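When we count neighbours, we look across all protein chains shown, and the Cβ atoms used for this are built from the backbone with ideal geometry, even at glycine. Every read-out reported here was derived from the displayed coordinates using simple, explicitly stated rules and does not represent laboratory data.
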Amino acid sequence: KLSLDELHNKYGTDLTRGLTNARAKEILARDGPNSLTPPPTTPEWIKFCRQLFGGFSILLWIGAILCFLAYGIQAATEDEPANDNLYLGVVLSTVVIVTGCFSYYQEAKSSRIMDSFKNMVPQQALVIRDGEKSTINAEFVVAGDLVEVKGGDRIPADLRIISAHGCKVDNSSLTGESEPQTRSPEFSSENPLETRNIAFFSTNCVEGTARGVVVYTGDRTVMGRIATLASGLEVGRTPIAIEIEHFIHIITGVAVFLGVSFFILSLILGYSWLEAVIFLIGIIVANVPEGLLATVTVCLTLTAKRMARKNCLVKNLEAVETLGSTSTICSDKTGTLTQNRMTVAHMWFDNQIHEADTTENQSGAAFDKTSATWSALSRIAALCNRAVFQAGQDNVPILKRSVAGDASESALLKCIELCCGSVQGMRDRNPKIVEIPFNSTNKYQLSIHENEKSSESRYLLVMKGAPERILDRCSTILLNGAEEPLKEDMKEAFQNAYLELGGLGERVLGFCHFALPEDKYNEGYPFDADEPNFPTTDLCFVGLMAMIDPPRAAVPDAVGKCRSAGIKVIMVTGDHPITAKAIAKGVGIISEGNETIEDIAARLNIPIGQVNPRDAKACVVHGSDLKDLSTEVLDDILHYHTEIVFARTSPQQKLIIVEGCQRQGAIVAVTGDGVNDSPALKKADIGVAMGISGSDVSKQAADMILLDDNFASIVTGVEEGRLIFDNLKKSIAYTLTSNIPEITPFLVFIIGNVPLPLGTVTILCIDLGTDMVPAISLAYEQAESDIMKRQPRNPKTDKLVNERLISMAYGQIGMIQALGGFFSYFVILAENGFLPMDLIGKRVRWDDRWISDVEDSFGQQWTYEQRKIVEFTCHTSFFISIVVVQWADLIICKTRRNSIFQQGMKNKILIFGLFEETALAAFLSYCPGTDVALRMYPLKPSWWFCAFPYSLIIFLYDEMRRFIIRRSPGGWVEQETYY
Ligand SMILES: C=C(/C=C\C[C@@H](O)[C@@H](O)[C@H](O)C/C=C/C=C\[C@@H](O)C[C@@H]1O[C@H](C[C@@H](O)[C@H](O)C[C@H]2O[C@H]([C@H](O)[C@H](O)CC[C@H](O)/C=C/[C@H](C)[C@@H](O)C[C@]3(O)O[C@H](C[C@@H](O)CCCCCCC[C@@]45C[C@@H](C)C[C@@](C)(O4)[C@@H](C[C@@H](C)CCCCC[C@@H](O)[C@H](O)[C@H](O)[C@@H](O)[C@H](O)[C@H]4O[C@H](C[C@H](O)[C@H](O)/C(C)=C/[C@H](O)C[C@@H](C)[C@H](O)C(=O)N/C=C/C(=O)NCCCO)[C@H](O)[C@@H](O)[C@@H]4O)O5)[C@H](O)[C@@H](O)[C@H]3O)C[C@@H](O)[C@@H]2O)[C@@H](O)[C@H](O)[C@H]1O)CC[C@H](O)[C@@H](O)[C@H](O)[C@H](C)C[C@H]1O[C@H](/C=C\[C@@H](O)[C@H](O)C[C@@H]2C[C@@H]3C[C@H](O2)[C@@H](CC[C@H]2O[C@H](CN)C[C@H]2O)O3)[C@@H](O)[C@H](O)[C@H]1O
Ligand SMILES: CCCCCCCC/C=C\CCCCCCCC(=O)OC[C@H](COP(=O)(O)OCC[N+](C)(C)C)OC(=O)CCCCCCC/C=C\CCCCCCCC
Ligand SMILES: CCCCCCCC/C=C\CCCCCCCC(=O)OC[C@H](COP(=O)(O)OCC[N+](C)(C)C)OC(=O)CCCCCCC/C=C\CCCCCCCC
Ligand SMILES: CCCCCCCC/C=C\CCCCCCCC(=O)OC[C@H](COP(=O)(O)OCC[N+](C)(C)C)OC(=O)CCCCCCC/C=C\CCCCCCCC
Ligand SMILES: CCCCCCCC/C=C\CCCCCCCC(=O)OC[C@H](COP(=O)(O)OCC[N+](C)(C)C)OC(=O)CCCCCCC/C=C\CCCCCCCC
Ligand SMILES: CCCCCCCC/C=C\CCCCCCCC(=O)OC[C@H](COP(=O)(O)OCC[N+](C)(C)C)OC(=O)CCCCCCC/C=C\CCCCCCCC
Ligand SMILES: CCCCCCCC/C=C\CCCCCCCC(=O)OC[C@H](COP(=O)(O)OCC[N+](C)(C)C)OC(=O)CCCCCCC/C=C\CCCCCCCC
Ligand SMILES: CC(C)CCC[C@@H](C)[C@H]1CC[C@H]2[C@@H]3CC=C4C[C@@H](O)CC[C@]4(C)[C@H]3CC[C@]12C
Ligand SMILES: CC(C)CCC[C@@H](C)[C@H]1CC[C@H]2[C@@H]3CC=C4C[C@@H](O)CC[C@]4(C)[C@H]3CC[C@]12C
Ligand SMILES: CC(C)CCC[C@@H](C)[C@H]1CC[C@H]2[C@@H]3CC=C4C[C@@H](O)CC[C@]4(C)[C@H]3CC[C@]12C
Ligand SMILES: Nc1ncnc2c1ncn2[C@@H]1O[C@H](COP(=O)(O)OP(=O)(O)O)[C@@H](O)[C@H]1O
Ligand SMILES: [Mg+2]
Ligand code: NA
Ligand code: NA
Ligand code: NA
Ligand code: NA
């Protein structure tokens, strides 16, 4: 409740010139940037407690405790003790600590990449300083400068409106509004939230433009004080995540069951009540998989960084998953399929077609520049146009300089300045009284100006728009200079002119004008843009103007890739069916051979109504028909046609098309740029907002932001989206297989009563060696040459962890790695004197420190450490047999449909993994001192080879398993083993 003078007098500011740059910076440095402050958080404290002290590591923390107590009771009691317990503790503790560090290096990394994408797409406001308009980062606005807003932009700070032009804002988020409340410079209510002279932070200007003085800036804002609570914030979990958990749950159920069973088995065989619970605890711990979620989050984060490099920024991680399943792409034409770099090619007037483009000069012998009709046409183009040359281009040529405005008005303005002269004087020659702006629902632009004829003081009215609309507003024709009527002979010549200019892939516009009678509208009468002050019809059409706009380079290949993937492409444009059909013919939306109902009518020379609608695979639906249609008809066109093009369509229509596409049961992505798109951009599954030309509304409302506005960028993004899935399945498949060889020894040991084949140190060696680096390498895998040549996926029918993964890992591949390790075990014992038949039952006697007389097969007598040494030589051999079989499992994991001979060994990280593991096994087995500390003994050379036959069998099996897939689709193998 103040005035414009009191406001400018309190903060200090010129209503017509704004602040000065020096003063602006003085205030910018005086009170801090216009950005909210970060909220409270848990530091590394709660970050490390969850890592080193979580749920699975806790058990290891116990193993370490127990062992230390085992050493203390020893050194305090027994003279000259042993040290296997002290080094066991020193080894276990080091494992919990490392696992924690690795996980930390991963949790942070993701938290940081997401923060980077927030500054990729910042917000830049429009401020007026020293009398000039400039777009600066929202973080540089201060209190006092002048700020201008336009329908589609976001209010930067708390403004005090000083001048508005039918400006409306969306005040729903702060409070609870719905409809657009209009912002007027006058004051209306005592409550600041109800008055219209104040713009607010985080609000958006729906329609109109306005000016205002920044009253409040930075945290000193309404939503800033409210943010006390906001600080917390909220996030989410992708589908995949709630898929993994589910799995984990089932497995836990299977694991708990088996535990109780192993319990009854132990007691029916005479174990100690305590030994049965020790077994239940161990078995349930060995059946539940560990790591699944960390690898899912890391894989997604890494893929997003891959996508932002290829021009596709994702507002969240759920978008990374939805992009792959994409079935339909509803794309627009001017901006996506094209470049918006249009240029006038053919002009129509005096029933004649005229060419142009006088090579940045006055040559080309286009048309007499003297033509009267041409003077009228050149004048309306130069007058109704709203664009203007960017300041300071007095040096560059007429075609290469910079302009501000629609691409249509820019092509028009340049043609008129090259072969027609300076527009600023042409614009002052005639004074602009009242102007009405363009719109997609109107489809025309009009304005009235004074007439510079010093002998005629009348009023001139000019309007341009889609040639069809303008034709319906004319009853005369400016012909050869005079006027004539629009009868059918020239009406048909005009129709054949639309197809001549249209088939050329050119954009066409209509231009007409009329002399308002100064007797019914005097020089003093003001024609406010409210009611019918101008005769819409009875105008004088002067002539058409056509311009070319080419498609992007990569676009033809993109549509081809979509067709091979099993993806439908739809073009939604505001132009004419001819230009639509054409662009479609070029990009590839409408491939060769397919015809429409009109094409068949033309070939057969039969009425269009007689032709069968099912006979045509492709169709071009207009807008009037779409408005008149119900729902079953829409489903008919969407289901029966393969290539559907939509021409002449308002924005309020897009939603009907999207609802039709979802009714079928398909995932859709839509490309949007304005305000009327926000509704559509929310209902669809993937909202693609333009980065270059979009508005704050389109970006806030969508899931993704296209950085280059290229249709080609998208298809590449979907390729990146499918690869995530493929690699995730491969990695999980590689991780779950080692579970079988680690559990089978503890089973035969208890049931069959033989010496323990795998122990605690060796098992930890397997998990950390063959499951960490090789697994990570898999993420980096390339794409098989089938990724785009395969149908999309139905999330309901196809899941990540299904009953087939467990079939290949546990059942087929696993059991083989187990047999491979059992051979190296049997071989080591038989050679050292203990044969296989004699081994069943020796455990009871084997594990007794007191029987130094153990007798072997050849009849020799063994002490306690002499036989324990051979057992340890078996733990080490098992280990190596596992790395050897892992070689094979890893190679076969690279591809699931193609061979490795086809895919190739170009992955460097995977190789690194093979050589490094081999090195770890050779190093630990041969180093001089592991004996004392880790309990691994040297392996003789004839032993390393025991696992080789089992490693070749796995590779050959998977190779054939695949050949049969490639040859017989939908067969038994694909139904059963394709995960
Ligand atoms: C950290 C862990 C925890 C521990 C770790 C541990 O290892 C180590 O840290 C150590 O702790 C280190 C700690 C050291 C601490 C300190 C030390 O430093 C210091 C030194 O320690 C030394 C000790 C140390 O030297 C020791 O030796 C260490 C070992 O300890 C364990 C030993 O074995 C054993 O404990 C020895 C100790 C002693 O023996 C204990 C005895 C009992 C306590 C108790 O009985 C004695 C006594 O009686 O207790 C009394 C107290 C009472 O209140 C208690 C109340 C009793 C309740 C009764 C109810 C029972 C119950 C319960 C019901 C639920 C069900 C039910 C059926 O039974 C039901 C039925 C009722 C109706 C029964 C009623 C019975 C009544 C009984 C009671 O009344 C009492 O007995 C009674 O009151 C008594 O007083 C009385 O005397 C009674 O006597 C008799 C009773 C009978 O005896 C008794 O009842 C009997 C027999 C029952 C029998 O079951 C009956 C059967 C026959 C049956 O009925 C039968 O007939 N069947 C006939 C069938 C038949 O015909 N069939 C014919 C078929 C025809 O068709 C009599 O009968 C009764 O009448 C009479 O009343 O109710 C009281 O105090 C006294 O009385 C006392 O004497 C073993 C270990 O713990 C340890 O090694 C000390 O000597 C020394 O002085 C000290 O200085 C977690 C574990 C790990 O997770 C796991 O890995 C684990 O490590 C492995 C499993 C190890 C195994 O493998 C190792 C090698 C490698 C492994 O590590 C590998 O890692 C394995 C892994 C595992 C998994 C899988 C896989 O493999 C791998 C995969 C993982 C991979 O996947 C991953 C992915 N996620 C990635 C990767 O990791 O992980 C091996 O080395 C291990 O050896 C091996 O085990
Ligand atoms: C829980 C999941 C486990 C997964 C794999 C577990 C691997 C376990 C494999 C073996 C462990 C059992 C212990 C074997 C010891 C049995 C000894 C035996 O058997 O002594 C019989 C013969 C020895 O004859 P000799 O020459 O000394 O007699 C000479 C006679 N004179 C001279 C008088 C003419 O030994 C033979 O013939 C060959 C016997 C050698 C081993 C055969 C064991 C059974 C056969 C295949 C097992 C693999 C099954 C795979 C299943 C996949 C799904 C689970
Ligand atoms: C010290 C340790 C050394 C370890 C040595 C390991 C050796 C390897 C072990 C076994 C190898 C045999 C496995 C054969 C399995 C069948 C593979 C198969 O059927 O692949 C089919 C592919 C055809 O694909 P496509 O036409 O659909 O591609 C289309 C591409 N697009 C789309 C671009 C046109 O064929 C191809 O890629 C052509 C590739 C041909 C490769 C032939 C290899 C066989 C030669 C000897 C094998 C060893 C025999 C016994 C050895 C005992 C050794 C001591
Ligand atoms: C004694 C018996 C033992 C039996 C044990 C069995 C062990 C496991 C059995 C087999 C596993 C090894 C199989 C190796 C496969 C070689 C396949 C190959 O050669 O396919 C030729 C490729 C294709 O080329 P392209 O241009 O047509 O592809 C065009 C690709 N598109 C279309 C996408 C552009 O060419 C390329 O990949 C480029 C050249 C890559 C050369 C890779 C050489 C390294 C191979 C293995 C490394 C050793 C690891 C073990 C470490 C332990 C050592 C101590
Ligand atoms: C990637 C992760 C996968 C695997 C991770 C495994 C984590 C394990 C972490 C730590 C384990 C530490 C083990 C400590 C090594 C032994 C220390 C020790 O407690 O030794 C005690 C022995 C004394 O035995 P004694 O007197 O009873 O023997 C009597 C012999 N009689 C009587 C027959 C003559 O000491 C001796 O023998 C003297 C020999 C000293 C041995 C020097 C070897 C250096 C050890 C590690 C350095 C290697 C790092 C790798 C760098 C790679 C660079 C590219
Ligand atoms: C481009 C870069 C490629 C890199 C590939 C991987 C690099 C491989 C690196 C090293 C491998 C060579 C190992 C040579 C070691 C010989 C040392 C030796 O003196 O050893 C003697 C033993 C005989 O022991 P004994 O029990 O009779 O006497 C024991 C007598 N006492 C115990 C009383 C002393 O003999 C043995 O260990 C035999 C040793 C094994 C023989 C090698 C056979 C493999 C040959 C080629 C396969 C290479 C894979 C490439 C595949 C490419 C496919 C596209
Ligand atoms: C140390 C040893 C190292 C080497 C070991 C090598 C072991 C690997 C050997 C073979 C791999 C076994 C893969 C198992 C898959 C067989 C499944 C099968 O039965 O699938 C038959 C399919 C039928 O599909 P469908 O759609 O008509 O079914 C319609 C079904 N309904 C009517 C119900 C809808 O395909 C057909 O019938 C026609 C296709 C038949 C393909 C036969 C492939 C034989 C290839 C190699 C075997 C020879 C190895 C020689 C080595 C000598 C070693 C001593
Ligand atoms: C699920 C996990 C964490 C439970 C671990 C239980 C541990 C603490 C239990 C399992 C078996 C127990 C041992 C069983 C037998 C004996 C022998 C006795 O003369 C001293 C205690 C001692 C050595 C016990 C100490 C505690 C012990 C090691
Ligand atoms: C350690 C040993 C004894 C365990 C042996 C486990 C074997 C028998 C288990 C491991 C994985 C299991 C398979 C997992 C999935 C399926 C698919 C289902 O539609 C039919 C059963 C089938 C094919 C299972 C059969 C039994 C199976 C092969
Ligand atoms: C392609 C297929 C059929 C070939 C199978 C070859 C079999 C028979 C070969 C492959 C590796 C071989 C083993 C390699 C190493 C040793 C250690 C030695 O001290 C005793 C023999 C023994 C245990 C061999 C026995 C025969 C063996 C198992
Ligand atoms: N400034 C303008 N004034 C009048 N008509 C225009 C203007 N710009 C474009 N047109 C024409 O009006 C119609 C509506 O265009 P629009 O809704 O933007 O569709 P598109 O997205 O295909 O350009 C098109 O035929 C277009 O050629
Ligand atoms: Mg558009
Ligand atoms: Na693990
Ligand atoms: Na959405
Ligand atoms: Na594996
Ligand atoms: Na594992």
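For the chain, the longest principal axis of the C-alpha atoms and the axis of helix 84-120 are separated by about 0°. Its relative contact order, with pairs defined as Cα atoms under 8 Å and 6+ residues apart, puts the chain at 9 percent. From helices alone, the chain scores -14500 deg cm²/dmol at 222 nm; the rule is -39500 (n - 2.57) for each run of n ≥ 4 DSSP H residues, then divide by the residue total. The H on the amide N of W862, modeled in the peptide plane, is under 5 Å from the matching H of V854, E855, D856, each at least 5 residues off or on a different chain. Each Cα pair under 8 Å and six or more residues apart adds its separation to the average, and for segment 251-343 the resulting relative contact order is 21 percent. Site pair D84 and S564 shows an inter-label distance of 6.1 nm when each label is modelled 7 Å from Cα along Cα→Cβ.
Taking every alpha-carbon pair in segment 619-720 and binning the separations at 10 Å intervals from zero gives 15, 43, 35, 8, 0 percent. Scaled against 2.2 N^0.38 Å for its residue count N, the alpha carbon radius of gyration of segment 431-556 is 1.22. Potential lengthening of the chain between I248 and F438 amounts to 62.6 nm, from the contour at 0.36 nm per residue minus the alpha-carbon distance. Counting charges near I787 (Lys, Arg +1; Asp, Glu -1) among other residues having Cβ under 9 Å from its Cβ returns a value of -1.
What percent of all Cα-Cα pairs in segment 677-761 falls in each 10 Å bin, counting up from 0? In order of increasing distance, the bins hold 15, 24, 16, 12, 10, 13, 9, 1 percent. Karplus-derived 3J(HN,Hα) values for segment 780-788, using 6.51 cos²θ - 1.76 cosθ + 1.60 with θ = phi - 60°, are 5, 4, 7, 9, 6, 6, 10, 2, 8 Hz; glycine and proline are entered as x.
Among DSSP bridges having both ends in segment 340-550, what percentage is antiparallel? Round to the nearest 5. Among the beta bridges of segment 340-550, antiparallel pairing accounts for roughly 90 percent. Applied to segment 684-689, the Karplus parametrisation 6.51 cos²θ - 1.76 cosθ + 1.60 on θ = phi - 60° returns per-residue 3J(HN,Hα) values of 5, 8, 10, x, 9, 9 Hz, with x for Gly and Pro. Here the Karplus relation 6.51 cos²θ - 1.76 cosθ + 1.60, evaluated at θ = phi - 60°, turns the backbone of segment 862-869 into coupling constants of 10, 7, 8, 7, 4, 7, 5, 4 Hz, with x for every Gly and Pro. Here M772 and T135 are evaluated by their C-beta separation; at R0 = 35 Å the FRET efficiency comes out at 0.10.
What the Kirkwood sum gives for segment 908-952 is a hydrodynamic radius of 12.1 Å, with every pair of different alpha carbons counted.
Counted by neighbouring Cβ atoms within 10 Å, the residues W374, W61, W850 run from fewest to most as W850, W61, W374. Basic side chains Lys and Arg get +1 at the Cβ, acidic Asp and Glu get -1 at the Cβ, and with that the dipole of the chain about its Cα centre reaches some 860 debye. Fraction of C-alpha pairs exceeding 31 angstrom in segment 340-550: 17 percent, rounded to a whole number. The angle between the Cα long axis of helix 654-664 and the main principal axis of the chain comes to about 40°, on a 0 to 90 degree scale. The length gained on full extension between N351 and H165, counted as 0.36 nm times the residue separation minus their Cα-Cα distance, comes to 62.8 nm. The ranking of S178, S925, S695 from fewest to most other beta carbons within 10 Å of each one's beta carbon is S178, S925, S695. Going from the fewest other Cβ atoms within 10 Å to the most, the residues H576, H246 appear in the order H246, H576. Measure nothing fancy, just the Cα-based angle from helix 21-31's long axis to the longest principal axis of the chain, in degrees from 0 to 90, nearest 10. The angle comes out near 40 degrees.
Maximal additional length on extending the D635-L2 stretch stands at 222.1 nm, based on 0.36 nm per residue less the C-alpha distance. For the chain, the share of DSSP beta bridges that are antiparallel, to the nearest 5, is 70%. Under 5 Å from the amide H of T203 lie the amide H atoms of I155, each residue being 5 or more positions distant or on a separate chain, with H modelled from the backbone and absent for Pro and chain starts.
The Cα-based radius of gyration and maximum Cα-Cα distance (Dmax) for the chain are 38.4, 134 Å. Normalised by the number of residues in segment 430-536, the mean separation of alpha-carbon contacts (under 8 Å, six or more apart) gives a relative contact order of 28 percent.
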